[PDB]
Structures are given as C-alpha cells and as structure tokens.
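We begin with a single chain expressed as structure tokens, specifically the form solved without its partner chain.
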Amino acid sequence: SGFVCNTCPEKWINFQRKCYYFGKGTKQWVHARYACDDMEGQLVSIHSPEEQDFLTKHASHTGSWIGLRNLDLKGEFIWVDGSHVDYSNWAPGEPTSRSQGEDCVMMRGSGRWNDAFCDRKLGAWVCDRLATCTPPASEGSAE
C-alpha cells in the first residue's frame, strides 16, 4: 500500500494521481514556470477541458499560467515538460487577438485559453505536482 495524504484542500486539485497548486501572482509566463520549478511542481500544462475549466473557474479576475511554450511563433506549441500539445484550447475564433505574437499560452476571456507571445498580464500562479502529504514543519494551515 502507498496512498497519499491530502495536499489538495481547496485551491489545490487532485485527479487520477496528480494535484494542481493554484495560487495568485503578478508577472509573466516564464515567471510561473520558474516559480513552480523552484520546488512547487511543474507548469500545469492542462490537457483536460475539465482541468482547464477548473482553474479557469478558479481564476476570479486573474488568469492562470499553463505549461505551454511555443517554439518560435507560427510553429508548434510545446509543453514545458517537453511534450507537444494534444488538445489545446487557444480561442479558435478570436479576431484581433491572433496577429501579434506567440510563445506562451494564458487562460481567461471565454473561460478558456489564449495563445499569444507573452504580453498577457495574468495574475495567478498555477502549477502541477503529484499528490503528497503536509508536514507540521512545512507550510500548511496553522490557523
């Protein structure tokens, strides 16, 4: 046996066996990937309409950052984990929102994704990590 504990109280969300660390912030995409890479988990890189909707709904007035990074521009979108997209969500018909650049994908607007260079000013740090426990020494509740 080897069941996890409960690292997903509220903001955090667990699925098949992984969880998502949902938080707030104010920077760029590169800052999100680096923030989760520090120790958190990984850049989410949502691939399930439910997971994307989950954080999308979780995002009150500030979108979230996903594990999506495009090669150059009109090329192909690759996940920070080193895996090409499979479903993608970047708003299909988004007039005056596709001709400017592409490199990082953000989430907002129609509760979905938006593909753009990296000028999108979001405000939520979303990361993914395998469900773990919560020691009394590390950050927990203390309330």
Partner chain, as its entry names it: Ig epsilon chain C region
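Residue numbers count along the first chain shown, from 1.
Keep in mind the form solved in complex with its partner chain is missing from the figure; the text below concerns it.
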Q: Could you confirm whether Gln100 comes within 4.5 Å of its partner chain in the bound PDB entry, counting heavy atoms only?
A: yes
Q) Is there a heavy atom of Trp29 no more than 4.5 Å from a heavy atom of its partner chain in the bound PDB entry? A) yes
Q) Quick one: is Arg69 in contact with its partner chain in the bound PDB entry, heavy atoms, 4.5 Å cut-off? A) yes
Q: May I ask you to state whether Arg33 is within 4.5 Å of its partner chain in the bound PDB entry, using heavy atom distances?
A: yes
